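For reference, the chains in residue letters:
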Amino acid sequence: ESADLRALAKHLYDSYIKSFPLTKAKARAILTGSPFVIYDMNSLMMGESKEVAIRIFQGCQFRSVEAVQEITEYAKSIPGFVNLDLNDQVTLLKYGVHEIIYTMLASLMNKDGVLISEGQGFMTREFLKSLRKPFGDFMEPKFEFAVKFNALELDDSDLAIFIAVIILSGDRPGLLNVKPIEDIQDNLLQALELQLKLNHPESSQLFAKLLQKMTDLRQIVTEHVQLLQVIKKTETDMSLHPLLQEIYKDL
Amino acid sequence: XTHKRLXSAXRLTXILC
């Protein structure tokens, strides 16, 4: 069965490369050395009508929409996914996409800031934290997560499987048929265990540490949805992309 | 294809399907 697990790993890696433009390898090549830096209002304007914090938030929303599209195309590649009840496919995407967004965002981050506009720019962490309340608090938890997540030193081949494991989560609210989802996830987990033990002999308990990050991701997502509720009321000027609205509705 | 929540997931379903 090890050959079947390696074949699954390779299939997922190939699909990941096909689906996601700015991979961790490409990001890390940029981040280690050139992007323009956004670190203040002036550089923002040179980098680039509504208030500054809102303009940035709207930018983040459009990037998320592109990510939902890419993640969904990836999901379709996971063997068995499109043979699930379609209601459950939709539920898995609804609840999975944000977890995956924040996982993959860590690839674009270091402790000092985040790559933007396909790796052509870098927005400082300090600048994002400086934004007027409550916008100053959107990205900071993500940076805190990313610093801890990036300390695992995962590569793209590892991430491809981990993201599939997240999508095939049988504990999502509203699933109709949990057992076939868990059957797929069990195979994915076996593939991830093998991939990590192969690729990272220096860290025998990496599998454990990585899976424990799923708890972190869910907390980040919970907190994010809460900050949107706040914004929803008083920011009559924010405008939520209609796709993201679909995801957030009754989440 | 169609599913129970088609009307409230029209954009996500366009992507998937």
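*Asks:* If you had to explain the UniProt feature "binding site: rosiglitazone" in chain A to someone new, which residues and values would you point to?
*Replies:* Residue and element names in this part refer to chain A. If you check UniProt for "binding site: rosiglitazone", the listed places come out as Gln61, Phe62, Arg63, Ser64, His98, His224 and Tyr248 in our numbering. Of the annotated positions named here, the second largest pocket is lined by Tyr248. For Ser64, the location among the structural elements is in helix α4 (residues 52-77). Note on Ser64: relative accessible area 17%, which makes it buried. The residues contacting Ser64, other than those within four sequence positions of it, are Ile101 and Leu244. Residue placement: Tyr248 occurs in helix α11 (residues 242-248). Among residues more than four places away in sequence, those in contact with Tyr248 are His98, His224, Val225, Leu228 and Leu240.

*Asks:* If you had to explain the layout of surface pockets to someone new, which residues and values would you point to?
*Replies:* Residues and elements named next belong to chain A. Its boundaries defined by the atoms lining it, the second largest pocket holds a volume of some 410 Å³. Secondary-structure elements contributing two or more residues to the lining of the second largest pocket are α10 (206-234) and α11. Ranked by residue count, the leading element in the lining of the second largest pocket is α10, at 6 residues. Partitioned by chemical class, the residues of the lining of the second largest pocket number 7 nonpolar, 2 polar and 4 charged.

*Asks:* Tell me what's going on with the packing of α4 of chain A against helix α8 (residues 156-167) of chain A, and back it up with residues and numbers.
*Replies:* Residues and elements named next belong to chain A. Direction vectors running N to C along α4 and α8 enclose 90°, while the axes themselves pass 11 Å from each other. When the axes of α4 and α8 are compared, the pair comes out roughly perpendicular. On the side of α4, the interface is formed by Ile71, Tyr74 and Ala75, while α8 contributes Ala160, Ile161, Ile163, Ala164 and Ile167. Along the lines of polarity and charge, the residues of the contact of α4 with α8 split into 8 nonpolar, no polar and no charged.

*Asks:* Lay out the packing of aromatic side chains with the relevant residues and their values.
*Replies:* Residue and element names in this part refer to chain A. Tallied over the entire structure, the rule returns 8 aromatic pairs over all chains. Both rings, one in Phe135 and one in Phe138, keep their centres 6.1 Å apart while their planes meet at 50°; by these two values the pair is tilted. For the pair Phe135 and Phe138, a shared accessibility class is recorded, and that class is buried. In textbook terms, an aromatic cluster arises when at least three aromatic residues are bridged by ring pairs, as seen for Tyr16, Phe20 and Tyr74. Residue placement shows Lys142 over the ring face of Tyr102; its charged tip is 5.2 Å from the ring centre.

*Asks:* Lay out the sheet that holds strand β2 (residues 109-110) of chain A in plain terms, naming residues and giving numbers.
*Replies:* Residue and element names in this part refer to chain A. Pairing is mixed across the open sheet formed by 4 strands, whose spatial order is β1-β4-β3-β2. Edge positions in the sheet fall to β1 (36-38) and β2, since each of these pairs with one other strand and no more. Looking at chain direction, β2 and strand β3 (residues 113-116) are connected through 2 bridges and run antiparallel. Bridge pairing in β3 links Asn110 to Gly113.

*Asks:* A description of unusual backbone geometry should follow, citing residues and the corresponding values.
*Replies:* All names here are of chain A. Cis geometry is found at the peptide bond from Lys133 to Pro134, where omega equals 0°. Following the sequence through the fold, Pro134 ends up in the loop between α6 (125-129) and α7 (140-150). Here the phi dihedral of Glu118 falls at roughly 60°; this positive angle occurs in a residue that is not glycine. Looking at the secondary structure, you find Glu118 in the loop between β3 and β4 (121-124). If you check the backbone angles, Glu153 has positive phi at about 60° while not being a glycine. Positionally, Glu153 belongs in the loop between α7 and α8.

*Asks:* Give a description of the packing of helix α5 (residues 86-107) of chain A against α7 of chain A that names residues and reports values.
*Replies:* Residue and element names in this part refer to chain A. For the pair α5 and α7, the least separation of the axes is 9 Å and the interaxial angle reads 70°. Considered as vectors, α5 and α7 are oriented roughly perpendicular to each other. When the axes of α5 and α7 are compared, the crossing they make is right-handed. Across the interface between the two elements, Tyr102, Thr103, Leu105, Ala106 and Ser107 from α5 touch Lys142, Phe145, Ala146, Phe149 and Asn150 from α7. The class makeup of the residues in the contact of α5 with α7 is 6 nonpolar, 3 polar and 1 charged.

*Asks:* Give me the lowdown on the side chain of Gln195 of chain A, citing residues and values where you can.
*Replies:* Looking at where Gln195 of chain A falls in the secondary structure, it is placed in helix α9 (residues 178-199). In this view, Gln195 of chain A contacts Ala9, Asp155, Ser157, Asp158 and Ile161 of chain A; residues no more than four positions away in its chain are not counted.

Calculation rules
Residues numbered from 1 in each chain as written, not as in the entry; some residues may be left out. Chains lettered and ligands numbered in written order. Heavy atoms only, no water. Residues with missing side-chain atoms left out of burial classes, pairs and counts. UniProt positions renumbered as here; feature names shortened; annotations may be inferred. 1 Å grid on protein atoms, 1.4 Å probe; cavity = no way out; pocket = protein on both sides within 12 Å on 5 of 7 lines; lining within 4 Å. Helix = DSSP H or I, 4+ residues; strand = E, 2+ residues; numbered from the N terminus. Buried < 20%, exposed > 50% of the residue type's maximum accessible area, 1.4 Å probe, protein only. Contact = heavy atoms within 4.5 Å. Points joined across faces, edges and corners; volume = space filled by probe spheres on them. Nonpolar A, V, L, I, M, F, W, Y, C, P; charged D, E, K, R; others polar. Axes fitted to C-alpha atoms, helices over the stretch in contact; angles between N-to-C directions. Parallel < 35°, antiparallel > 145°, perpendicular 65-115°, else oblique. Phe/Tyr/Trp six-rings, centres within 6.5 Å; stacked < 30°, edge-to-face > 60°. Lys NZ or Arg CZ within 6 Å of the ring centre and 35° of its normal. Pairing = 2+ DSSP bridges. Left-handed = near helix turned anticlockwise from the far one by under 90°.

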